[PDB]
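Trainee: Using only what follows, build the 3D model:
(chains A, B, C, D, E and F, ligands or ions: 15)
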Amino acid sequence: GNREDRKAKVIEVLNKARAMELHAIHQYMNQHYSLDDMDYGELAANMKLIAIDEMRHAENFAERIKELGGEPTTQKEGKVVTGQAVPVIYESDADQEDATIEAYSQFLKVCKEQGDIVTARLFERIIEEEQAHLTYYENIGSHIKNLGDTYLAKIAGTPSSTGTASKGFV
Amino acid sequence: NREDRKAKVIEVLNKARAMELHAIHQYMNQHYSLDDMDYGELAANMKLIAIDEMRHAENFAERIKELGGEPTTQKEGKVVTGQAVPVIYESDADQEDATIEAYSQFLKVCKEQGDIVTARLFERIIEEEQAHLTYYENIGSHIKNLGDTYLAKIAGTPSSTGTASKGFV
Amino acid sequence: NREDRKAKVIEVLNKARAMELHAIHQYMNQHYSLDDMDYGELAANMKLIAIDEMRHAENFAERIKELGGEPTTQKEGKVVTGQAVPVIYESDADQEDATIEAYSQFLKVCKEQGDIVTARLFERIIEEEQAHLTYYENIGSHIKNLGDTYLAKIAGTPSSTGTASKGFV
Amino acid sequence: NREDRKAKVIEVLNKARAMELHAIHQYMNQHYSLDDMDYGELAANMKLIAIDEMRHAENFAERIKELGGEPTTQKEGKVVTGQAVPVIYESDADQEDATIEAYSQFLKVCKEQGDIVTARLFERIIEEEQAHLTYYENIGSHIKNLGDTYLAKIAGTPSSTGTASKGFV
Amino acid sequence: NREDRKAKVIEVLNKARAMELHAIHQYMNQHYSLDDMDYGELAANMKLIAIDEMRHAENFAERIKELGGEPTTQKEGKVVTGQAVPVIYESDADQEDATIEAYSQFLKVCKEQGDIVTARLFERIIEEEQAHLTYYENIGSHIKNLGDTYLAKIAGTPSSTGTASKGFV
Amino acid sequence: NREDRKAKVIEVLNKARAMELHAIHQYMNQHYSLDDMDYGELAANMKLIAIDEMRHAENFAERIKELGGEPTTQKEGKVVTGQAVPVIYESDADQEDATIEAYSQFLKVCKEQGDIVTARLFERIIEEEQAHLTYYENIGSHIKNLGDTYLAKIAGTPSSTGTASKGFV
Ligand code: FEC
Ligand code: FEC
Ligand code: FEC
Ligand SMILES: [Fe+2]
Ligand SMILES: [Fe+2]
Ligand SMILES: [Fe+2]
Ligand SMILES: [Fe+2]
Ligand SMILES: [Fe+2]
Ligand SMILES: [Fe+2]
Ligand SMILES: [Fe+2]
Ligand SMILES: [Fe+2]
Ligand SMILES: [Fe+2]
Ligand SMILES: [Fe+2]
Ligand SMILES: [Fe+2]
Ligand SMILES: [Fe+2]
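Mentor: Numbers count the residues shown, from 1 in each chain, chains lettered A, B, ... in the order given. Ligands and ions are numbered 1, 2, ... in the order given. Find the structure here:
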């Protein structure tokens, strides 16, 4: 289609992806608070670090949406599942990252269809980061499945720090 | 006694966290606009304040967990988009003021319920909200009183908030 | 005057009765939750104490009739739903304590009105409420000091309160 | 969807439960009067029918819990007091007849929402309401057709409903 | 058509029977593992539910024979092995829920084909499946909320389901 | 070695269990027909023998678990349906004979693998299969020698195998 139409179709998949990120941020941070509460430090820490990757994805999608003339969404897609036990956390996050990669690859095809190279490349890079998340989650899930409590005993009491504090305003 | 007290504090903690979640999205939205407008300094500071609200959201969640509750994932209120520069600063000062007002009452509940740790948490965050309020009031005043000469000075400034986010990848 | 002495005692009996009707709904509400949760012995004793409150309600009504009045059908206050197990026992203890205080005052009115039979009725029921209070305090103390290890013991226990309600059908 | 079908059944379950709570209070009110009038066998059967409704109210509440809902604690409508013996059996019949009509409709909703278990629960309770209906129409007919000649035979009969309520104390 | 009405019902009867054959092997597989882990009460009840499934399979076959059909000997789906304890009670609950959904559809086919006797069979068995579902949910809830503290209680319990097989030798 | 000795025995145990699963379905299929034909004593005894096979399948499964294995859920071969009464008893005699042959080879492996306990399990079960074999040969002999005169005697006889199999519901 025309210039405006081309931007609009891409703005639409960008807002769908971004809404998926917003969901991931809250879901992963929800699991983070639980892991932290259970005092599984290394697990709690990497979960937050992955939530921060999703915050960056959300921001990148937003910045591209503005560059195309659109308005970045503020609504998350789907609802957050709370109270998941450890094995459910890792099995569900693996499923969610898989679904994400599936959807983002369809979104990339749309960008290519609309002749938007820059946005297509954005999705490409982010899909590669989602793959890292998927592999991480699959591996934790696999050890939980195969090694049970004996694997968890080693994470118990480990540091949970994600580094120096959030460069903020105050 | 104890059980009732805990439940009442968890309720105000979640109300506050819900307000933090609103603020994160509202400020980041305005941050995208300022960046798009290329007012770097305003863009940068708006995001840094958004990261303060993220840390508030997280401190509330952690206290909620310590008290046996579940931290909410829904924001309070709707995000307003398309605000022009004068409206951004007038509204944000209004939001910060209202936030301090509500948190002050939340604080009071914590004291009535005998929860000193949660009261101290609110106290600390309220002091950080006062800093946000003052910042927004100040930008608002210079936009009211000086416009362009002031905005031309912000035009083209760096919008970097420092080194990139420690993440997983 | 005989009629005013009766009117005055019927008044406190209906207040008491309304409190019983509340307690029936409140404790049975909790019973449905404990059953759902499959905490058998706890569900069963909760319902057994509710049945005590039904009996109280019944005895208050029969004395009211004896005095020429009309037993009320409205419960005092409202029932709290969705209470978690720690809150169930803390609040139920609270409620029994408040009942004994209330009833201790109603008994005073009876004596003041020269009604020995109603006064003895309140005295007999008050001792039963003491038994309810001690029970709830005891469970409350176990859930506080032992938490999930105590509940693990109750998990899956029988929830029978004996033979089913003899009824009409 | 699954949650929509459960919510719709919970709604008609809560309506029915509110009708049961009302029947419990209405019929026990009459029981207090019949006992006061010293018509023991009428009073005893009235209380046994109220206990049937208590058991219906409990069954509905348990099924509501199984479906994830919250059982109501509010009765439907208002309790009429001070009814005379002819009015008692005339209105109890009307009420039983109206409950069977409503429950037949509630049953239809369960089926529409594909809830077999709840349909059979309504089905079984309707057959018990029918036994209540028949009892009230029969007593009502004797009071209307025979009056005092018939009541003379009930005067001073036993009112016991058997061994008293297993309770907590 | 008389023959076609029977044919359609026999088809849903064979489909339900195939689900029953599956449940039998799936539950007994988990029974062998729970016994292997020496959680007697859980192993025992798991095997008692399997035996309920054997009886449903048998009742379906008998109705199929009455209708002139041939009872299937293939199970629907495959058995999952090596499940961990939380997975056992999560899947069985899911499987009981799915069974109820289907049997209610099967019931509708019988009514449409005007087979009252078969519909009534499905109705009764659906009530039994609901008792199974409730059981699995309760165990999975205790494993979820109490973990090993609950299992410690079960460890080393008797696994007896009673007197042995009334068989031929 | 120890594991390989266990693995070889698990293999013949699972082969035996697959044969039991087949006999259960094969014999119950014939039980369904015999009942439909209303030859009760024959239908009763066929079901009783299938319950014996159920027990064998269970003992094999239990032994497999003891050796670290997974009990198979797949049956050996196919169920033949629609067999005439004479074919039923000739084939089952033939099936029992072959099982004893196979079982006797399986016992050998146990001994070669140094597994005394599993060899003794096969030994006790082989004695039961011989009881089954004699039974089936006896009936085939009456059908061959006496035909319809034998069946006239069994027609309308009781088919019960006892009170229902105690289950969960
Ligand atoms: C971008 C973006 C969004 C999307 C908002 C939108 O509406 O577009 C975004 C959204 C969220 C939201 C929700 C939450 C709240 C989640 C919850 O509590 O459930 C949420 C929570 C946090 N983020 Fe977040 N954010 N965010 C960054 C960017 C974005 N953030 C950058 C950058 C940093 C910088 C990290 C640093 O260096 O300290 C960063 C850090 C945090 C920390 C870590 C703070 C600490 O440990 O001190 C927490 C907690
Ligand atoms: C269930 C349930 C409810 C509904 C509460 C809810 O919110 O779901 C429930 C509600 C009430 C309410 C009001 C009253 C008060 C009636 C009035 O005074 O108007 C009320 C009254 C009575 N109930 Fe009650 N019910 N109910 C049982 C179950 C429930 N009942 C079971 C079971 C038994 C067992 C029968 C026995 O063995 O005595 C039992 C017995 C009684 C007796 C008999 C005491 C005695 O004779 O010693 C009286 C009076
Ligand atoms: C063990 C075992 C298996 C193998 C499953 C596995 O994968 O390990 C086993 C498998 C099967 C299978 C198929 C069927 C279905 C037959 C068919 O319809 O083809 C099958 C069918 C039945 N079993 Fe069964 N089972 N099972 C016992 C043990 C085992 N069961 C025990 C124990 C009892 C207990 C009876 C008692 O003494 O009370 C018993 C009884 C029955 C009854 C009798 C019901 C009644 O008369 O009420 C029927 C029908
Ligand atoms: Fe992402
Ligand atoms: Fe991701
Ligand atoms: Fe804040
Ligand atoms: Fe602020
Ligand atoms: Fe009481
Ligand atoms: Fe009490
Ligand atoms: Fe009723
Ligand atoms: Fe009724
Ligand atoms: Fe079944
Ligand atoms: Fe079942
Ligand atoms: Fe066998
Ligand atoms: Fe055999």
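Trainee: quick one: contacts for the residue in chain A positioned nearest to ligand 9?
Mentor: Going by CB to the ion, ligand 9 is nearest to residue A:83 of chain A, at 33.9 Å. (Each C-beta comes from the backbone N, C-alpha and C, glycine too.) Shown in contact with residue A:83 (CB atoms under 8 Å, 6 or more residues apart in numbering or on different chains): A:34, B:70.
Trainee: Checking it next. Helix, strand or coil?
Mentor: Residue A:83 carries the three-state label coil when classified by DSSP: H, G, I helix; E, B strand; the rest coil.
Trainee: Got the phi and psi for it?
Mentor: phi 70, psi 20 (degrees, to the nearest 10).
Trainee: For residue A:30, see how far away it is.
Mentor: 9 Å (CB to CB, to the nearest Å).
Trainee: So what's the residue count around the nearest residue to residue A:69 once chain neighbours are set aside?
Mentor: Nearest-residue entry for residue A:69: residue A:7, 6.1 Å, with adjacent residues in sequence omitted and distances by CB to CB, 6 or more residues apart in numbering or on different chains. Burial of residue A:7 is recorded as 19 neighbouring residues (other CB atoms under 10 Å in any protein chain shown).
Trainee: of all of chain A, which residue lies closest to ligand 12?
Mentor: residue A:88 (27.2 Å).
Trainee: Report the contact partners of that residue.
Mentor: Contacts of residue A:88 (CB under 8 Å, 6+ apart): none.
Trainee: host element of it?
Mentor: helix A:86-113 (DSSP states H and E).
Trainee: Briefly note if that helix comes near ligand 4.
Mentor: No. Using CB under 5 Å from the ion, helix A:86-113 never reaches ligand 4; the gap is at least 6.4 Å.
Trainee: gap between that helix and the chain center?
Mentor: 9 Å (CA atoms, centre = their mean, to the nearest Å).
Trainee: what residue is smack in the middle of chain A?
Mentor: Among the residues of chain A, the one closest to the centroid is residue A:54, at 4.0 Å (CA atoms, centre = their mean).
Trainee: Now it: closest residue in space that isn't a chain neighbour?
Mentor: Nearest one to residue A:54, counting by CB to CB, 6+ apart, is residue A:24 at 4.3 Å.
Trainee: And the one you found, how far from chain B?
Mentor: As judged by CB to the nearest CB, to the nearest Å, residue A:24 and chain B stand 12 Å apart.
Trainee: likewise residue A:57?
Mentor: 10 Å.
Trainee: Next, see if the helix or strand hosting that residue gets close to ligand 5.
Mentor: Here residue A:57, judged by DSSP H and E, is contained in helix A:41-67. No. Under the criterion of CB under 5 Å from the ion, ligand 5 is not reached by helix A:41-67; the shortest gap measures 5.6 Å.
Trainee: The longest helix seen in chain A vs helix E:85-112, what angle?
Mentor: When chain A is parsed with DSSP state H, its longest helix is helix A:117-155. Between the axes of helix A:117-155 and helix E:85-112, defined by axes from the mean of the first three to the mean of the last three CA atoms, to 10 degrees, the angle is 120 degrees.
Trainee: Please identify the buried residues of helix A:117-155?
Mentor: Applying a neighbour-count criterion of 16 or more other CB atoms under 10 Å in any protein chain shown, one finds A:119-120, A:122-123, A:126-127, A:129-130, A:133-134, A:136-138, A:140-141, A:143-144, A:155 buried in helix A:117-155.
Trainee: burial count for the closest residue to residue A:120 other than its chain neighbours?
Mentor: Spatial nearest neighbour of residue A:120, chain neighbours left out: residue A:111 (3.9 Å); criterion: CB to CB, 6+ apart. When neighbours are defined as other CB under 10 Å, residue A:111 has 23 of them.
Trainee: Residue A:111 touches residue A:10, doesn't it?
Mentor: Yes. Using CB atoms under 8 Å, residue A:111 is in contact with residue A:10, at 5.6 Å.
Trainee: Please enumerate the shared neighbours of the two.
Mentor: With CB under 8 Å, 6+ apart as the test, residue A:111 and residue A:10 both reach residue A:119.
Trainee: and the residue of chain A found nearest ligand 6, helix, strand or coil?
Mentor: Nearest residue of chain A to ligand 6 (CB to the ion) works out as residue A:170 at 9.8 Å. Assigned by three-state DSSP, the conformation of residue A:170 is coil.
Trainee: Excluding chain neighbours, give the residue nearest to the residue of chain A found nearest ligand 4 in space.
Mentor: At 3.6 Å from ligand 4, residue A:57 is the closest residue in chain A, using CB to the ion. Spatial nearest neighbour of residue A:57, excluding adjacent residues (CB to CB, 6+ apart): residue A:21 at 4.8 Å.
Trainee: Tell me which ones among the buried residues of helix A:117-155 also neighbour ligand 5, please.
Mentor: Restricting the buried residues of helix A:117-155 to those near ligand 5 - CB under 5 Å from the ion - leaves A:130, A:133.
Trainee: Could you double-check that the residue nearest to residue A:57 lies in contact with residue A:53?
Mentor: No. Using CB under 8 Å, residue A:21 makes no contact with residue A:53, being 9.4 Å away.
Trainee: before we move on, the earlier item: is it true that the residue nearest to residue A:54 touches residue A:96?
Mentor: Yes. The pair residue A:24 / residue A:96 is scored as a contact, 7.0 Å apart, by CB under 8 Å.
Trainee: The two: which is more packed in?
Mentor: Shown here are residue A:24 and residue A:96; by other CB under 10 Å, residue A:24 has more neighbours (27 against 21).
Trainee: separation between the more buried one and ligand 7?
Mentor: Using CB to the ion, to the nearest Å, one gets 25 Å for the distance from residue A:24 to ligand 7.
Trainee: Spit out the contact partners of that residue.
Mentor: Residue A:24 touches A:51, A:54, A:96, A:100, counting by CB under 8 Å, 6+ apart.
Trainee: Please apply the same query to residue A:81.
Mentor: A:27, A:30, A:92.
Trainee: Just send these back as a markdown table, with neighbour count too.
Mentor: Below are the contacts of residue A:81 laid out as a markdown table (neighbours: other CB atoms under 10 Å in any protein chain shown):
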| residue | neighbour count |
| --- | --- |
| A:27 | 25 |
| A:30 | 23 |
| A:92 | 16 |
